[PDB]
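Participant: Those protein sequence lines, which keep their order, are chains H, L, S and V.
Letter by letter, the first sequence follows residues 49 to 298, 344 to 356, 373 to 569 in the entry's author numbering.
Letter by letter, the second sequence follows residues 49 to 298, 344 to 356, 373 to 569 in the entry's author numbering.
Letter by letter, the third sequence follows residues 49 to 298, 344 to 356, 373 to 569 in the entry's author numbering.
Letter by letter, the fourth sequence follows residues 49 to 298, 344 to 356, 373 to 569 in the entry's author numbering.
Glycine is no exception: its CB is placed at the ideal position from the N, C-alpha and C atoms.
One structure, pasted below without further comment.
4 protein chains.
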Amino acid sequence: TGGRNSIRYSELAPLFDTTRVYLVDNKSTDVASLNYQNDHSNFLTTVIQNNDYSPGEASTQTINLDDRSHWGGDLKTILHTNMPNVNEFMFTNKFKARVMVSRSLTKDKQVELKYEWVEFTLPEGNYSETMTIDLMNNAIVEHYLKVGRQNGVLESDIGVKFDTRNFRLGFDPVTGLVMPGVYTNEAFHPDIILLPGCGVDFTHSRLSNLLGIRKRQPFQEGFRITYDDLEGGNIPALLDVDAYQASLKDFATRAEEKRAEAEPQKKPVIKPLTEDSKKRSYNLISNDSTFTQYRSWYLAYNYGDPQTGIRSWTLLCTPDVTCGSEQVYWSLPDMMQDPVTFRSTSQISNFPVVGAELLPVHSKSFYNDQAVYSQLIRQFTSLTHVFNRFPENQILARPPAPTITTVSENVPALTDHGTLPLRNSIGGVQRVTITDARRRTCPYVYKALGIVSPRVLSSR
Amino acid sequence: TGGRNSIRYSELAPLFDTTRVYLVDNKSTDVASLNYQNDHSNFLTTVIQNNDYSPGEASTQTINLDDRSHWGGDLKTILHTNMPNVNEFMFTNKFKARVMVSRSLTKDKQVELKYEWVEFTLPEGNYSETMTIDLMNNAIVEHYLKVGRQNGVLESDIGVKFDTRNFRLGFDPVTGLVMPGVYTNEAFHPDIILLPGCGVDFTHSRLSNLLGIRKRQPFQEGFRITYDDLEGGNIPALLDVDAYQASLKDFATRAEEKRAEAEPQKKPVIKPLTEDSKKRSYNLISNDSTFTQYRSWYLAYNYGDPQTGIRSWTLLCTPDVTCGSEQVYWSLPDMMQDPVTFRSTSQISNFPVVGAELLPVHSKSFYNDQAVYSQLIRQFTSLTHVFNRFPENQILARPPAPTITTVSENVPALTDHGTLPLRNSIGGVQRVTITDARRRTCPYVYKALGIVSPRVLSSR
Amino acid sequence: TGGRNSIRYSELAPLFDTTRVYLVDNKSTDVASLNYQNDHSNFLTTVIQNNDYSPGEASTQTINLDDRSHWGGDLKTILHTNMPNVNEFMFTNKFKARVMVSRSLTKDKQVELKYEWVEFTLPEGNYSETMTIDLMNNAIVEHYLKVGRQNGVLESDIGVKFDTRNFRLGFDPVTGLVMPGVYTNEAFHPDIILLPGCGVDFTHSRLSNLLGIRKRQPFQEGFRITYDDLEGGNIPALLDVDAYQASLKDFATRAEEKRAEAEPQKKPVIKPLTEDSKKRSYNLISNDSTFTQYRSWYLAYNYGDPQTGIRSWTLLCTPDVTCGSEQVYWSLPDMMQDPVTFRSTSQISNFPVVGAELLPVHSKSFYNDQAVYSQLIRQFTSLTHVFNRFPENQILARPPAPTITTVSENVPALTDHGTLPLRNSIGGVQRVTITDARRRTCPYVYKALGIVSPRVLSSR
Amino acid sequence: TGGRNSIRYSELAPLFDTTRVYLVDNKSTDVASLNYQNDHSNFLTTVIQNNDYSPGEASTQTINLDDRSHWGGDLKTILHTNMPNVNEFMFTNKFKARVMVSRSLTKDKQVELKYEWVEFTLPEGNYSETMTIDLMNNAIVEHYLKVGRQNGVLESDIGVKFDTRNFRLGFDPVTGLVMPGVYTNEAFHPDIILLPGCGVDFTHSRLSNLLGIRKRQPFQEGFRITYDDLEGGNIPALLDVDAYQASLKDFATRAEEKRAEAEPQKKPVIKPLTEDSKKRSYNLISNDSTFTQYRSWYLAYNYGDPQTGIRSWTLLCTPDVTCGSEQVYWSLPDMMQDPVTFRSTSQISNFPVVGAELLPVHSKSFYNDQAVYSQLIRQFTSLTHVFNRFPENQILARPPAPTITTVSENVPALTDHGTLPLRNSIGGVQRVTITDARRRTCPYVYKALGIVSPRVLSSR
């Protein structure tokens with residue numbers, strides 16, 4: 049310490065031992081003159097807080113930490129964003145899926161079904177865990193319109209759907225059917241329902257995470273999940289409720350009558382429904398088999414061979430609307446020594462990093478009353494949303510709203526990076542820069558604030 | 049340390065090493081006598097906590113940190129506000145918009161439409177993310193009354209509306225219409241709906257942030273968004289439900350009948382509704398085109414040319430009721446050495462700063478049940494609010510309440526600034542001062558509290 | 049300090065005193081080349097952040113903390129998971145129970161009841177405190193179908209049920225019956241209802257904790273709870289409401350008439382209901398006794414002999430959906446000295462541990478409105494869920510939804526382990542590894558992030 | 049430092065300066081062999097984390113902090129419980145009350161009323177702020193059955209009730225009655241309603257706190273609150289609505350008609382109802398007085414003489430379901446020097462204490478919709494709960510559910526005790542022990558975890 053303290057500035061007098069320099073954006077004189085063309089994630093600040101000098105002029109003067117000692121400063125920072133759930137940047141507004149795009153009776157008498165991969169995009173915005181799903185299903189439909197239908201494609205065969213129920217709860221081990229005649233619409237994790245000849249790929253989208261279907265060994269570029277993959281676990285068919293109902297015309346310890354009332374002339378059972386009001390085909394494999402051609406991921410993962418099925422190369426897990434906690438990197442190139450192996454440069458997308466921190470986004474959870482409220486309004490017929498374009502379908506229906514939805518929420522992060530080594534000649538104008546994992550500014554930054562407290566560390 | 053500790057006061061005896069001085073407002077003797085004309089964001093305190101002296105008299109005595117050493121103190125502080133969502137100070141109660149103000153059949157046979165920019169102001173108060181919007185739409189209307197109407201202006205042409213839905217979900221790629229005959233009223237981010245010849249400017253309002261429409265490169269003084277800007281993305285027109293309904297009088346794998354039931374004598378389709386009950390014009394460009402003159406920001410941003418549209422110079426992002434996390438600056442001029450480049454002065458609006466901190470305001474989020482509850486009460490006719498003065502309009506209607514509203518909430522902030530260098534002759538009366546980004550006291554401060562713990566740092 | 053600081057790298061120049069090395073997974077060049085076959089819970093990272101070298105090549109270079117001093121580093125870390133409530137890994141998707149599997153009239157005239165232990169498994173997913181229960185009851189039923197029934201087993205005798213009410217609130221001390229004729233369906237802690245000859249074992253499942261039935265002295269491998277254990281506390285029988293109703297044909346201080354209206374020809378009381386609509390046996394011990402054979406844990410614990418009953422060897426406590434706060438262990442084998450007694454090795458499942466921390470999972474609680482809403486919909490008959498397959502049973506009914514449900518929620522954990530001693534020759538490529546209590550990678554890890562700040566500790 | 053660092057272990061080599069020893073329960077080898085008969089609140093751990101030695105054998109080896117220096121360690125700990133709201137341990141399942149137990153027409157013509165103190169106990173479980181109350185009222189009733197009634201006791205005179213409303217809002221200053229004929233059922237703090245000759249004592253129960261009736265000077269063993277105490281503040285009687293209704297047969346500034354319409374032949378007023386449907390006596394003092402014999406604490410405290418009433422020796426305050434934040438004490442007898450005045454021993458219930466911390470329980474609050482929902486279901490007659498056995502009573506009714514209920518919630522506590530002095534010969538097997546205020550293990554502990562970081566403090 050002794051003679052090694054002195055923190056000096058032009059004529060303003062000797063200041064001794066730690067003090068404070070401030071890195072701020074909202075400084076009025078600065079804006080107008082320096083970072084006009086820049087944004088909150090990469091700006092310039094005049095660190096000289098002296099009322100009497102031009103910003104330019106200030107950019108000349110310097111804060112001089114005493115020369116005789118190696119100095120260090122404590123860097124506390126306040127980061128605040130407002131990035132939305134889905135958007136083009138975080139890759140949460142795009143996702144490739146393969147759908148039916150044409151259906152025509154080929155030249156002889158056999159038929160033709162051609163499929164193709166199309167990229168659907170969502171309208172940017174901050175959504176729910178669910179409404180997002182919906183937005184996706186809609187984006188599938190919206191395409192079926194501009195193309196599908198007007199080429200022999202019947203809704204009765206739209207290839208991909210993102211639903212959320214266990215399509216085999218009512219299932220009866222012997223009848224081979226979902227007895228209650230209705231797939232019990234309770235929500236149990238996002239799922240993916242495919243059809244023959246198609247599938248979906250998330251190779252370039254974090255939406256995968258929103259669904260909560262993660263690859264069992266991530267560092268593998270590429271995420272395609274097709275029909276052939278979802279093996280074992282095709283949605284069983286609903287039993288014909290009416291056919292069954294309409295039919296039926298042609344120890345001794347109180348356990349006596351209970352054992353005789355519980356027990373050629375066959376019944377209407379066997380009849381697995383085939384279509385629904387407005388006759389929508391449920392595409393059943395055989396006029397025999399109780400299983401529909403529709404295949405569910407959830408079903409696969411949980412019910413089909415664990416050592417071979419998707420349960421093998423994939424992993425079932427929690428949703429997370431945020432799509433993935435990603436971090437950001439601070440850099441104060443003009444004011445702090447470049448950490449260990451970092452090379453010193455001027456290429457904004459490669460500056461040295463002084464602090465890392467998670468991008469300020471959490472997921473708040475709320476209890477959903479609207480879960481059932483809706484089961485008592487479409488049972489009492491009325492208009493439809495662009496979401497339930499197939500009310501009477503039990504499959505292309507509208508995935509049940511899960512109780513407890515999550516919502517991406519932005520929050521101020523009063524973080525604190527360690528104490529770093531800094532130069533002893535701090536320039537009048539410092540440059541602040543926040544970067545993301547991929548190394549690029551981040552448009553969604555409303556406020557960055559830095560406070561540095563230099564203090565002597567050793568001697569030269 | 050050795051002889052360098054001694055912290056002395058008048059005759060009260062030697063105290064050694066760190067101790068504690070207190071900066072408090074609520075001190076009774078002080079109020080009455082010193083900071084009568086001041087407020088919590090800029091007051092005087094007697095730091096001498098000795099029961100026997102006048103405040104004035106105390107203002108004489110002094111705490112003497114030993115002379116032989118440079119001292120420093122730890123400054124912990126308790127800040128607590130209660131600033132409201134919208135108000136004149138934070139510039140959240142004003143916003144300029146350009147509306148229709150006159151409509152008369154000019155002198156020959158052609159007509160005249162004159163527009164003007166008017167500043168509307170809100171009643172101060174703490175609001176919701178939504179009700180705020182509403183308050184704005186109302187403030188637009190309230191003006192149409194004092195002027196608009198009484199000058200040939202028909203509601204059928206009020207220029208600006210802040211709604212919240214995706215005005216083109218039901219849209220059908222071929223019919224060029226919102227088929228369901230009703231813009232699906234679900235909430236998807238605040239938006240701005242304009243008309244020809246008008247627009248809105250936020251150049252002097254943080255309300256912009258409330259909406260969540262941020263300028264892609266902020267440091268540009270000025271925020272005007274007009275009709276001509278919102279290009280490509282005019283709200284498509286609702287299809288005539290009745291005209292259509294009223295009309296209609298004059344492979345082989347179960348997929349056989351599904352491919353024949355899905356497939373001069375033209376139909377009522379083409380008819381895009383023109384007005385609504387009480388005949389309100391939907392101002393359609395041509396008696397032909399399926400698009401209304403009404404233009405939506407949301408629509409533009411998401412659907413019209415990304416490299417040219419507003420999607421270019423603007424950015425879609427999360428709301429935030431608070432309107433923008435702003436920070437405040439502490440200053441203890443009379444008790445702590447003036448940080449690096451700060452000049453020492455007496456101009457309250459330029460004191461030295463010792464600590465920065467975010468102004469104590471966060472946004473709590475809640476789940477909205479009232480989302481739909483209201484769709485089942487205006488469907489069952491009854492009175493109206495100053496908010497839905499055009500129930501039967503599908504456009505000047507009332508923006509749908511988003512599920513999950515946010516509310517600005519004030520909270521005590523037990524913050525902690527570093528350890529700062531201080532003078533060794535602390536005056537009997539210290540002056541505390543909290544300032545905002547622009548540098549001015551902040552009326553909304555209920556309590557400021559400071560605790561300082563001096564301790565030796567080096568030697569002289 | 050003096051000559052002991054120097055932190056050196058290849059030619060890049062001398063850095064002095066603490067600096068920062070970064071342990072990150074999401075680093076792009078790394079993924080592709082090193083940890084292709086690995087996962088977030090056990091990967092390799094290149095700690096050399098120098099743009100110009102191959103990852104391989106970098107793996108050669110080294111960060112050299114000065115040799116003359118023993119160094120240490122501060123390890124802060126960011127861990128973020130997404131593990132679901134129930135799953136095979138945490139052992140929350142399996143649980144052994146003993147049920148009735150066969151009922152046939154043995155060879156002479158006496159009968160045979162054979163029971164067996166079967167393991168039921170749940171569909172993996174993140175659930176509620178309740179819906180989980182339900183999933184279990186269902187899994188019991190689902191078995192009764194594939195086997196039970198089709199072998200003389202009547203629902204009237206399914207052995208295990210997980211409900212949640214105090215099966216003896218309405219109980220009347222004298223009549224020996226649940227007077228109101230209905231077990232008051234309010235929720236009061238998960239319970240277990242057994243039958244003669246069966247029970248449940250959790251020896252290999254944390255689901256026990258979900259129920260909130262903990263063993264009074266845990267370190268005892270094994271958790272079997274059978275009928276014979278639940279002694280004293282058999283669910284009393286519901287009084288015959290109708291029999292009773294249908295019958296009844298054949344001081345003086347205002348307290349006079351109150352003392353005469355409150356006061373061979375016997376009444377219908379004695380009649381304890383025996384079965385319910387669709388005549389389901391309530392299996393009553395004697396044609397006499399007011400107690401059914403059904404036995405409840407809750408009942409036992411709270412009402413039967415505390416010094417002998419289950420209240421003795423077991424403990425009643427709060428649920429917790431997470432099933433048990435378990436911790437994880439960090440290990441940075443290639444960069445930090447192996448703590449006290451740890452042996453140095455290469456067996457991933459035995460690396461040295463540098464930091465311990467709770468696996469990032471908490472339980473959020475919400476208020477349940479859906480508590481009663483359902484009591485006003487099954488009272489108005491309509492379809493049933495795979496959950497209430499015995500609506501009219503008062504016992505095999507559907508446990509009442511408790512107000513205040515809990516839900517396992519994943520959250521980012523910005524933790525901070527101490528300051529650790531490290532090697533002075535940090536390899537170009539470090540290995541990160543998170544392990545669980547049992548010592549194995551943890552599939553449910555989305556992001557691991559490490560920041561180390563070396564700084565001199567002493568001298569060599 | 050110099051030669052004073054060395055932290056040594058058997059042959060495993062010299063480790064220098066701070067390192068880390070771990071205190072963990074879940075360690076597999078340990079359980080089976082050492083703490084079989086113990087529980088999480090008092091177990092043994094092998095601190096030697098070396099894979100090759102028996103636990104027993106390890107118990108021999110030792111960690112040797114260098115002898116030449118006095119060492120200290122940082123103790124961070126992770127405590128996690130799951131204790132329920134009410135239970136026998138925390139004394140929240142018992143509470144003595146004095147009730148009517150016999151009513152017979154004594155030998156001459158005068159009568160006899162004998163009362164007695166009885167201890168009622170609740171079924172263990174985690175409850176609500178309210179449902180707890182209810183459970184208590186029920187427990188009062190449940191007794192009236194096994195005894196009361198069957199001895200001339202009419203519900204019309206059950207002595208104690210815990211309700212929650214201000215039994216005198218409708219009250220009219222002149223009529224001396226609760227005009228609206230109904231005690232306005234809004235919730236305003238737990239209360240206690242007594243009758244002549246009885247009362248309640250909490251001398252041995254924290255439930256008092258749940259109610260929120262605290263003794264004004266706590267350190268006084270004993271908490272009895274009887275009738276005679278609740279003086280001034282007897283619940284006024286409801287006015288006879290019918291008698292009144294059934295009767296009535298036999344300046345000039347617009348303020349003219351308002352002053353004549355607002356103004373022998375007496376009216377039905379005076380008639381204060383006496384009993385209610387099913388004629389339940391309201392026990393009124395005189396056939397005259399408008400006050401019933403029923404006395405309320407709330408009423409007393411707020412309305413009767415503040416200098417003499419209960420308002421004097423008692424204190425009205427917030428509920429808190431937890432019943433009282435109690436703390437726990439850590440102790441690591443075998444590894445850390447015994448703090449200042451603590452005597453060293455082997456009596457588990459007197460070990461030295463190294464850290465204190467609040468027992469991990471907080472109270473979450475939720476908004477109650479179910480507040481009114483119930484006022485619109487018992488107004489539409491139907492069955493009753495064991496809770497509203499006197500629907501038609503306005504007093505023995507069922508206390509109104511307060512909006513905003515609280516619920517005891519268990520939470521992991523990542524606490525951190527200071528840095529403590531420790532022995533330099535740490536035994537292979539350490540003993541961990543958590544104790545409560547009264548000094549006894551705490552059954553409700555699911556996980557205890559300790560991390561110690563020794564580091565040199567001075568020299569010997």
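Using only the alpha-carbon positions, how far apart do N233(H) and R507(H) sit?
Facilitator: 9 Å
Participant: Does DSSP put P509(L) in a helix, in a strand, or in coil?
Facilitator: coil
Participant: Report the residue ranges of all alpha helix (DSSP H) runs contained in full by the stretch 164-249 of chain H; include only those spanning at least 4 residues, in chain order.
Facilitator: 177-191
Participant: Residues in the stretch 184-202 of chain S with C-beta within 8 Å of chain C's C-beta atoms, listed in sequence order?
Facilitator: Included in the structure are the protein chains H, L, S and V, with no chain C among them.
Participant: Return the Cβ separation of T125(L) and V538(L) in integer angstroms, given the expectation that the two are a contact with Cβ distance under 8 Å.
Facilitator: The Cβ separation is near 19 Å, so there is no contact.
Participant: Report the option in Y163(S), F210(S) and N74(S) whose CA atom is closest to the CA atom of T178(S).
Facilitator: Shortest Cα-Cα distance from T178(S) to any of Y163(S), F210(S) and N74(S) involves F210(S).
Participant: Can you find a CB in chain H that lies within less than 8 Å of the CB of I261(L)?
Facilitator: No, because no Cβ of chain H sits closer than 8 Å to the Cβ of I261(L).
Participant: Chain S beta carbons: is any one of them nearer than 8 Å to that of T66(V)?
Facilitator: yes
Participant: DSSP beta-bridge partners for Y412(H)?
Facilitator: Paired residue(s): none; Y412(H) is not in a bridge.
Participant: Cα-Cα, which of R262(V), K162(V) and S491(V) is closest to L425(V)?
Facilitator: Out of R262(V), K162(V) and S491(V), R262(V) has the C-alpha closest to the C-alpha of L425(V).
Participant: Excluding sequence positions up to five away, which residues of its chain have a Cβ less than 6 Å from the Cβ of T431(H)?
Facilitator: Taking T431(H) as the centre and dropping the five residues before and after it, the same chain places the C-beta of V470, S472 and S517 closer than 6 Å to its C-beta, in chain order.
Participant: Between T129(S) and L558(S), which are expected to be in contact by the criterion C-beta below 8 Å, what is the C-beta distance as a whole number of angstroms?
Facilitator: Contact doesn't hold; Cβ gap of about 13 Å is too wide.
Participant: Less than 8 Å separating the beta-carbons of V449(L) and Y57(H)?
Facilitator: yes
Participant: Any beta carbon from chain H within less than 8 Å of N90(S)'s own beta carbon?
Facilitator: Chain H contact via Cβ: absent.
Participant: Is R452(L) closer than 8 Å to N112(H) when the C-beta atoms are compared?
Facilitator: Contact: no.
Participant: Which residues in the same chain have their Cβ closer than 8 Å to the Cβ of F400(L), if we skip the five residues on either side of it in sequence?
Facilitator: Only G224, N282, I283, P284, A285, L393 and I394 meet the Cβ criterion.
Participant: By the 7 Å beta-carbon criterion, what residues does the stretch 436-456 of chain H contribute toward chain S?
Facilitator: Listed in chain order, the positions of the stretch 436-456 of chain H with a beta carbon within less than 7 Å of a beta carbon of chain S are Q436, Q446, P448, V449, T450, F451 and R452.
Participant: For the stretch 505-525 of chain S, list every residue whose C-beta sits within 9 Å of some C-beta in chain V, in sequence order.
Facilitator: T512, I513, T515 and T524
Participant: Cα separation between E349(L) and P244(H)?
Facilitator: The alpha-carbon atoms of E349(L) and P244(H) are separated by roughly 18 Å.
Participant: Would the beta-carbon of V149(H) fall within 8 Å of that of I188(H)?
Facilitator: no
Participant: Shortest alpha-carbon distance to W119(S) belongs to which of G104(S), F139(S) and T49(S)?
Facilitator: Nearest to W119(S) by alpha-carbon distance, out of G104(S), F139(S) and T49(S), is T49(S).
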